[PDB]
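Structure first, then comments.
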Amino acid sequence: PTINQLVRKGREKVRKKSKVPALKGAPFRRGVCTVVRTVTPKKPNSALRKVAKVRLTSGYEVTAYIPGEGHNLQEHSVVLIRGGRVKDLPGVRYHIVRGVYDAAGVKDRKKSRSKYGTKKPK
Amino acid sequence: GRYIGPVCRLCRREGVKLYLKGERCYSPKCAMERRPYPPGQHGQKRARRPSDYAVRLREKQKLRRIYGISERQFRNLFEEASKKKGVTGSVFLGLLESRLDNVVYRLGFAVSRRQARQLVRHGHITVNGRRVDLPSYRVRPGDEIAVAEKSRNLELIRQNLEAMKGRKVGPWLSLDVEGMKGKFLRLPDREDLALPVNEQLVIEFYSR
Amino acid sequence: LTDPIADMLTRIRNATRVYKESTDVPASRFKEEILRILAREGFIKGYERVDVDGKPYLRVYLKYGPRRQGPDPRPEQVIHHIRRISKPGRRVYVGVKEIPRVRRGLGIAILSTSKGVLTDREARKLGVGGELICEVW
Amino acid sequence: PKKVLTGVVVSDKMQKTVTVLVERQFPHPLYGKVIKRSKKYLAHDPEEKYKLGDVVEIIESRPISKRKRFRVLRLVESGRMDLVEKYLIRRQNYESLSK
Amino acid sequence: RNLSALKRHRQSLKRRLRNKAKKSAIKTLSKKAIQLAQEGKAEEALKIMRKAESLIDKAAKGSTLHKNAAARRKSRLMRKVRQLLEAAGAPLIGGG
Amino acid sequence: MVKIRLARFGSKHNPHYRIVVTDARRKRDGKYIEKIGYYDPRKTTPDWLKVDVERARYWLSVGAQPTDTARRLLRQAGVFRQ
RNA sequence: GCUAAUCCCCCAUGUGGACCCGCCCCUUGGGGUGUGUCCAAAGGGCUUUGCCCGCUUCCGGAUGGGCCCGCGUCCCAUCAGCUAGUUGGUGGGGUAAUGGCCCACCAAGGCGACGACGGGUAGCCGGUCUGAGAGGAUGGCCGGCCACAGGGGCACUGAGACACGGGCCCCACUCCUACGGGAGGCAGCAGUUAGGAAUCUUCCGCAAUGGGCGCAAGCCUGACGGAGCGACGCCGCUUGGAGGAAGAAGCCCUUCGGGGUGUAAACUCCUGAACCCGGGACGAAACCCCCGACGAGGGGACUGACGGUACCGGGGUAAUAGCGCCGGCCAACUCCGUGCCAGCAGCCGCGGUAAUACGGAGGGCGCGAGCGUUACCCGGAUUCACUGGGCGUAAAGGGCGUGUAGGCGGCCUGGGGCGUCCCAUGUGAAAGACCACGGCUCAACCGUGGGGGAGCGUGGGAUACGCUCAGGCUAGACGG
RNA sequence: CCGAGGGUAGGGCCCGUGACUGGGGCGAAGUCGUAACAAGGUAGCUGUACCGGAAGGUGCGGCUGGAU
Ligand code: SF4
Ligand SMILES: [Mg+2]
Ligand SMILES: [Mg+2]
Ligand SMILES: [Mg+2]
Ligand SMILES: [Mg+2]
Ligand SMILES: [Mg+2]
Ligand SMILES: [Mg+2]
Ligand SMILES: [Mg+2]
Ligand SMILES: [Mg+2]
Ligand SMILES: [Mg+2]
Ligand SMILES: [Mg+2]
Ligand SMILES: [Mg+2]
Ligand SMILES: [Mg+2]
Ligand SMILES: [Mg+2]
Ligand SMILES: [Mg+2]
Ligand SMILES: [Mg+2]
Ligand SMILES: [Mg+2]
Ligand SMILES: [Mg+2]
Ligand SMILES: [Mg+2]
Ligand SMILES: [Mg+2]
Ligand SMILES: [Mg+2]
Ligand SMILES: [Mg+2]
Ligand SMILES: [Mg+2]
Ligand SMILES: [Mg+2]
Ligand SMILES: [Mg+2]
Ligand SMILES: [Mg+2]
Ligand SMILES: [Mg+2]
Ligand SMILES: [Mg+2]
Ligand SMILES: [Mg+2]
Ligand SMILES: [Mg+2]
Ligand SMILES: [Mg+2]
Ligand SMILES: [Mg+2]
Ligand SMILES: [Mg+2]
Ligand SMILES: [Mg+2]
Ligand SMILES: [Mg+2]
Ligand SMILES: [Mg+2]
Ligand SMILES: [Mg+2]
Ligand SMILES: [Mg+2]
Ligand SMILES: [Mg+2]
Ligand SMILES: [Mg+2]
Ligand SMILES: [Mg+2]
Ligand SMILES: [Mg+2]
Ligand SMILES: [Mg+2]
Ligand SMILES: [Mg+2]
Ligand SMILES: [Mg+2]
Ligand SMILES: [Mg+2]
Ligand SMILES: [Mg+2]
Ligand SMILES: [Mg+2]
Ligand SMILES: [Mg+2]
Ligand SMILES: [Mg+2]
Ligand SMILES: [Mg+2]
Ligand SMILES: [Mg+2]
Ligand SMILES: [Mg+2]
Ligand SMILES: [Mg+2]
Ligand SMILES: [Mg+2]
Ligand SMILES: [Mg+2]
Ligand SMILES: [Mg+2]
Ligand SMILES: [Mg+2]
Ligand SMILES: [Mg+2]
Ligand SMILES: [Mg+2]
Ligand SMILES: [Mg+2]
Ligand SMILES: [Mg+2]
Ligand SMILES: [Mg+2]
Ligand SMILES: [Mg+2]
Ligand SMILES: [Mg+2]
Ligand SMILES: [Mg+2]
Ligand SMILES: [Mg+2]
Ligand SMILES: [Mg+2]
Ligand SMILES: [Mg+2]
Ligand SMILES: [Mg+2]
Ligand SMILES: [Mg+2]
Ligand SMILES: [Mg+2]
Ligand SMILES: [Mg+2]
Ligand SMILES: [Mg+2]
Ligand SMILES: [Mg+2]
Ligand SMILES: [Mg+2]
Ligand SMILES: [Mg+2]
Ligand SMILES: [Mg+2]
Ligand SMILES: [Mg+2]
Ligand SMILES: [Mg+2]
Ligand SMILES: [Mg+2]
Ligand SMILES: [Mg+2]
């Protein structure tokens, strides 16, 4: 564009769209589970992935992935959710944080136990 | 704190003797004589072409593992050298050699930098007449690094300075044996050392 | 025509790329003071004030390097680059402290100052700044 | 120093007060181009001696009223009705920007 | 449940009553002399205006009036009597 | 009133006052009119106190009042001498 | 109903000031002077024909402010028109003071695409974070300013407030009560509760600095100085040092010969984090007191919360290690288990019976009292392109004219000097940043010094180019 | 007189929420047909119009980014 156009109109400072809008600018948000269920993933993956539909302290109600093998979550489980989509479960933009509130850790976990609310064993 | 683990696997991974034990490093018992391949299961498997990030990471671990220094300090000291006047490679090396625990080792009060560090942390070393028990203390041109009076009558520095009578310490340094004191004359130039390191690659490492 | 100066910087640029012996420029005083710089600095053999179809022009005598060997024998240019800086759409004024070096001194910058038209090295000699007319190398 | 500006009387339709239209040029803080900008000043004229098209100078004076903080200093040029026409045409052109 | 702030409040009212009392008279004796000047009736206006001058400055002796409030109050008192007496003149006695 | 004061600097268990002329109501470490010296009440370095005596006399001459400790630091600098 | 005073009035004196009308200088209400009028007060202590603290009027200084102006200051135009105290004037009220700040009347104005009005969001700056710079983002700590003190309104006292721990009133809420009635305002310091992913001790002392009052001894000071909790952050330190086999056991791999963990361990010697004992701080010398002169200058005295801590000396035990990762990006690989399941996943992608990608194990890489994760800012992103991008077919030329505002504009001479360039000078607080030096054993932290700008105010100068004004031309353009 | 605010009445903006309703995005292995990509078996695309379960068809005029 001409310099005279830049004077008249300027350059539009781009704005970024958050990927975690349910978090309301917080790192984590507490909620309670309504539906705890399995969901199948999109092509080309096949599985029965465990998610929970969580109603948040920010008024929102979202779905949150339940990572690791085995969980103990059901309806009315108090939970803490974190940022994080699951590329292959469309519409799941959050992860439940293991080992917080009513999400138990992962039994017999030995590697990466910090990412699964599991403590150290003898 | 500093790395207090096995030490021969260090040279084995880097592929060059890092004289980190003192006596044992000059005997046929040095593990770099016997098995000069990386430690662990796959050492004797034939190596692949490493990436250039690998080449620079390796040069930078070699330099750091020489002085037995934590990455935090090694990077702290790098950044002071960077923003300093001009030649970074020389300054990083000179500021590294300016550490008290290192100077204790270069002077010969100790046989290894690990031991040198302990001679300081246990107080056996003074600087210009005061107990200075800080491994990271920055020695400067002029100071006199000695052994404490309540320490000079101790087997270790007696024996250590003995074999030092047979040794000729670096030019930038001074050593009066039997007085058990030395002098830091000036921070080293580039060629004062033939450190098995190309410090230019270390600059290249952090510039990524 | 909207910028007689950029027109002359461009007439010469186009003339040197086809290796023309000379190229005529519509005549003006400010353009002499710029061609004055280009000749003394070696970029052109010089100029003369001529008359084309009754009107005053400026025949600029260009210059080129030696005939080269290989494919494409065409000689390297003596004016590699001649670029307008200050334009009618955006004037560019630098004080003396922010006068640019063109190609680490191997090139020149022509400016207009209250002491006349100078090169970058001439400007700091007289200690004055002005309007950055063009850069050349 | 009391700021002294120079402008033109675009409207004399008030008692003891004229509207002085001042321009100022400066480079764009990012695109460097020189640009014009303008501003109207209600200036004191206790002798109602100044009319349309006068090119006057105003001096920063004590408040005469809300918005009136300048006294007309001296006439510089009389009869510049060409400038007032640039002003009025711009204002008249505003009805064409409506919805 | 106490202070020395309660003493500052008990005192503020002793002073408020005092400051209001002085201002009342200042406005009364002054306006009185301005009506008298309009009639003019000059000896009577000026004999009163002077007591209006005395009360004004005696108020500026303390907190009831700032020096400049009094000087301005005095300025307008006298100024109004002048013009008012310019119609149906005879300024006798004198006070200016 | 203008006062001649010691505005503490330094760090915890590390005092370093500045000899400063500042309003009586300005907060201690707040903006001051002028810095006319400094002070190190432990005397850890060779010159723990210094005073622009010619300036400290000006503010003394124009109204400023010192502290019961700043005064002993201007007498220790002979601002009051004969 | 009684009663004192630095409380309150009256008279007097007028150095003086104020006001009004005159003249003189100056020039917005600045300064002079004359006439008239008007306004001063407070006493207390000791050693006493003497000081001291106080008092009064006026001037000046100094500091702290008020008000006014140029300029700069975010998003939406799917907000385009806004305005009756509204804009100006005369008179007045008001104030320390200008002003529609407020009132009466008069005039018909003021503002707006150079974005008025409206809606959204936001305290602003020194600075901070990033960045090659340009720029972007941000305003917590610290300093300056502003704004508010349960929500609103108001004034009073005063140099100063329309006053957080002052007063009045209305509202919402809460509390005491003997049930008649009364009270309160933590966005002070702790502390409680609620909300939240989340944020501290109902600690110590005025010893220091600083504030208030006082002649002074001193008193008050949740300012402050310190102590407490929190790996929240940065910095420093430890969990050992040297020796020790062609190399134990255990575990992993194996082509069954062996390879690995690994000098790693044990074990030998050396040192001695912690803890035990003794000594023990700097921060604190002034105010006062003596002589002198209640000065100058000498000399004396008492005072430490932190703290019996730092640190010094002497004794002295081998004394926490964990977290992430190993398919490419990207540094580190094998065995087993699982069999599109269970699961992983920042992106590309892994898993369907020989998976370096899931889970465990051996081994390995990276860091280390940390290591990971999530959130957010800048960078990589020349992916809003001023530096520094594009539009035939990748996203991008308006369907085409005409034309307003606006942007931009040929050759020659001169006048001005607006832009622009230069010189001088003022401002650009402290802290921070950067460089040098030094104090805490180092460092972080901190002191002292040094060095700069841009921007704006002012004075002087230059005149090429841009601007303007004036005069001439004919190459553009237009007409015959 | 002004005046916090309370009351009455009528507007404007924004947010949330609503039986039902519109289409939209997405979703390993559903049902219908085969419009487009080759001249895709009627060259395709196109603005508009009208029609048809559905892609689509047809008219008018336009484009070549249409084949031989
Ligand atoms: S003994 Fe050899 S392998 Fe071991 S640390 Fe010394 S030089 Fe390195
Ligand atoms: Mg798959
Ligand atoms: Mg809930
Ligand atoms: Mg449950
Ligand atoms: Mg994992
Ligand atoms: Mg060892
Ligand atoms: Mg970098
Ligand atoms: Mg980088
Ligand atoms: Mg400039
Ligand atoms: Mg009355
Ligand atoms: Mg008064
Ligand atoms: Mg401490
Ligand atoms: Mg102040
Ligand atoms: Mg009297
Ligand atoms: Mg108003
Ligand atoms: Mg009115
Ligand atoms: Mg009217
Ligand atoms: Mg404008
Ligand atoms: Mg708001
Ligand atoms: Mg706000
Ligand atoms: Mg960049
Ligand atoms: Mg900002
Ligand atoms: Mg903040
Ligand atoms: Mg309020
Ligand atoms: Mg509250
Ligand atoms: Mg309020
Ligand atoms: Mg209230
Ligand atoms: Mg207030
Ligand atoms: Mg108060
Ligand atoms: Mg309170
Ligand atoms: Mg009652
Ligand atoms: Mg009552
Ligand atoms: Mg009440
Ligand atoms: Mg609390
Ligand atoms: Mg809670
Ligand atoms: Mg105190
Ligand atoms: Mg207390
Ligand atoms: Mg073997
Ligand atoms: Mg072996
Ligand atoms: Mg073994
Ligand atoms: Mg074995
Ligand atoms: Mg003890
Ligand atoms: Mg002390
Ligand atoms: Mg051990
Ligand atoms: Mg990693
Ligand atoms: Mg990496
Ligand atoms: Mg690799
Ligand atoms: Mg991420
Ligand atoms: Mg199997
Ligand atoms: Mg397979
Ligand atoms: Mg298998
Ligand atoms: Mg994976
Ligand atoms: Mg992975
Ligand atoms: Mg694995
Ligand atoms: Mg650390
Ligand atoms: Mg980014
Ligand atoms: Mg990079
Ligand atoms: Mg960018
Ligand atoms: Mg983008
Ligand atoms: Mg550009
Ligand atoms: Mg592009
Ligand atoms: Mg296209
Ligand atoms: Mg076209
Ligand atoms: Mg159209
Ligand atoms: Mg035009
Ligand atoms: Mg023009
Ligand atoms: Mg021109
Ligand atoms: Mg100029
Ligand atoms: Mg500066
Ligand atoms: Mg500064
Ligand atoms: Mg500093
Ligand atoms: Mg400094
Ligand atoms: Mg009302
Ligand atoms: Mg109302
Ligand atoms: Mg009410
Ligand atoms: Mg079927
Ligand atoms: Mg078809
Ligand atoms: Mg088909
Ligand atoms: Mg077809
Ligand atoms: Mg067909
Ligand atoms: Mg059709
Ligand atoms: Mg049909």
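Each chain gets a letter, A, B and so on, in the order the sequences are listed, and its residues count up from 1. The analysis underlying the following values was restricted to heavy atoms, covering all of them including side chains, and did not include hydrogens, waters or symmetry mates.
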Practice task
Give none if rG56(H) has no partner; otherwise give the nucleotide forming a Watson-Crick or G-U wobble pair with it, both distances under 3.5 Å.
Solution key: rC51(H)

Practice task
Searching all strands shown, indicate the nucleotide that pairs with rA132(G) (Watson-Crick or G-U wobble; both distances under 3.5 Å).
Solution key: none

Handout entry: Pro15(F), nearest nucleotide to its side chain (from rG283(G), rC58(G), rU271(G))
Key = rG283(G)

Problem - Near-parallel close bases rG359(G) and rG360(G) (centres under 5.5 Å, planes under 30°) - result: yes

Practice task
May I have the distance from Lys35(F) (atom NZ) to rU448(G) (atom P), rounded to whole angstrom?
Solution key: 4 Å

Practice task
Could you tell me whether the side chains of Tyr57(C) and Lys55(C) share a donor-acceptor contact shorter than 3.5 Å?
Solution key: no

Exercise for the section: Have a look at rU157(G) and give me syn or anti from its glycosidic angle (syn if within 90° of zero). Expected result: anti

Handout entry: Donor-acceptor pair (no angle test) under 3.5 Å: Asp88(A) side chain, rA345(G) base
Key = yes

Handout entry: Distance-only donor-acceptor test, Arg9(B) side-chain atoms vs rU261(G) base atoms, 3.5 Å
Key = no

Handout entry: Nucleotide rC384(G), atom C1' - distance to CD of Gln5(A) in whole Å
Key = 14 Å

Completion exercise
Contact string for nucleotides 243-251 of chain G, one letter per nucleotide 5' to 3', B = base within protein heavy-atom range under 4.0 Å, S = sugar-phosphate only, - = neither, reads SBSBB----

Handout entry: Phosphate OP1/OP2 of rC367(G) contacted by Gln61(B) side-chain N/O (<4.0 Å)
Key = yes

Completion exercise
In whole angstroms, the gap separating P of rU420(G) from CZ of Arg24(D) amounts to 13 Å

Practice task
Grab the NZ-P distance between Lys12(F) and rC446(G) for me, whole Å please.
Solution key: 12 Å

Practice task
Report the glycosidic orientation of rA231(G): syn if within 90° of 0, anti in every other case.
Solution key: syn

Exercise for the section: Report yes if a donor N or O on one partner sits less than 3.5 Å from an acceptor N or O on the other, where the partners are the side chain of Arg62(D) and the base of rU28(G); otherwise report no. Expected result: yes

Exercise for the section: Classify the sugar of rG428(G) as north or south, using the sign of the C1'-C2'-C3'-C4' torsion: positive means north, negative means south. Expected result: north

Problem - Counterpart base for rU47(G), defined by Watson-Crick or G-U wobble contacts under 3.5 Å - result: none

Fill in the blank from the handout: Rounded to whole Å, the CZ-P distance (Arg208(B) to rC329(G)) equals 10 Å

Completion exercise
In terms of pucker, with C1'-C2'-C3'-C4' positive for north and negative for south, the sugar of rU78(G) lies south

Exercise for the section: Would you mind calling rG250(G) syn or anti? Take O4'-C1'-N9-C4 for purines or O4'-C1'-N1-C2 for pyrimidines, and syn is within 90° of 0. Expected result: anti

Handout entry: Plane angle bin for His124(B) and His122(B) - parallel if under 30°, tilted between 30 and 60°, otherwise perpendicular
Key = perpendicular

Exercise for the section: Give a yes or no on whether the neighbouring nucleotides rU374(G) and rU373(G) have stacked bases (ring centres less than 5.5 Å apart, plane angle less than 30°). Expected result: yes

Exercise for the section: Check if the side chain of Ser38(D) and the base of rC114(G) share a donor-acceptor pair of N or O atoms closer than 3.5 Å. Expected result: yes

Handout entry: Polar side-chain contact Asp133(B)-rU441(G) base: donor and acceptor under 3.5 Å
Key = yes

Handout entry: Nucleotide paired to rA4(G) in any strand shown, Watson-Crick or G-U, under 3.5 Å
Key = none

Practice task
Report yes if a side-chain nitrogen or oxygen of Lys45(B) is closer than 4.0 Å to either non-bridging phosphate oxygen (OP1 or OP2) of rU334(G); otherwise report no.
Solution key: yes

Handout entry: Donor-acceptor pair (no angle test) under 3.5 Å: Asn45(A) side chain, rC350(G) base
Key = yes

Completion exercise
By the Watson-Crick or G-U definition, both distances under 3.5 Å, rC224(G) is matched with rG205(G)

Problem - Polar pair under 3.5 Å, donor/acceptor by atom type, side chain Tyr93(C), base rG466(G) - result: no

Exercise for the section: With the thresholds 5.5 Å for ring-centre distance and 30 degrees for plane angle, say whether the bases of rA178(G) and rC179(G) stack. Expected result: no

Practice task
Whole angstrom is fine here: how far is it from CG in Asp29(F) over to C1' in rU209(G)?
Solution key: 9 Å

Practice task
Determine, stepwise, if the pair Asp3(C) / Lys87(C) fulfils salt bridge (charged side-chain N to carboxylate O under 4.0 Å, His left out).
Solution key: CA-CA 8 Å; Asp3(C) 182 353; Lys87(C) 315 200 190 184; over 6 Å; no

Completion exercise
Note: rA361(G) sugar, classed by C1'-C2'-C3'-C4' (positive north, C3'-endo side; negative south, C2'-endo side), is north

Fill in the blank from the handout: Side chain of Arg49(A), under 5.0 Å cut-off, points into the major

Got a list of protein N/O to nucleotides 455-462 of chain G N/O distances below 3.5 Å?
unit_1, atom_1, unit_2, atom_2, d
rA462(G), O2', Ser114(C), O, 2.4
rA462(G), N3, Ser114(C), OG, 3.1

Practice task
Examine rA149(G) and say whether its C1'-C2'-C3'-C4' torsion places the sugar north (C3'-endo side) or south (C2'-endo side).
Solution key: south

Handout entry: Base of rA361(G) paired with side chain of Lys111(A) (donor-acceptor, under 3.5 Å)
Key = yes

Between the protein and nucleotides 146-148 of chain G, are there any N/O to N/O pairs under 3.5 Å, and if so, what are the atom names and distances?
none

Handout entry: Base-pairing assignment for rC344(G) (Watson-Crick or G-U wobble, both under 3.5 Å)
Key = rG349(G)

Problem - Presence of donor-acceptor pair under 3.5 Å, side chain of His122(B) and base of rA318(G) - result: yes

Fill in the blank from the handout: Judged by the sign of the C1'-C2'-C3'-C4' torsion, with positive meaning north and negative meaning south, the sugar of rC348(G) is north

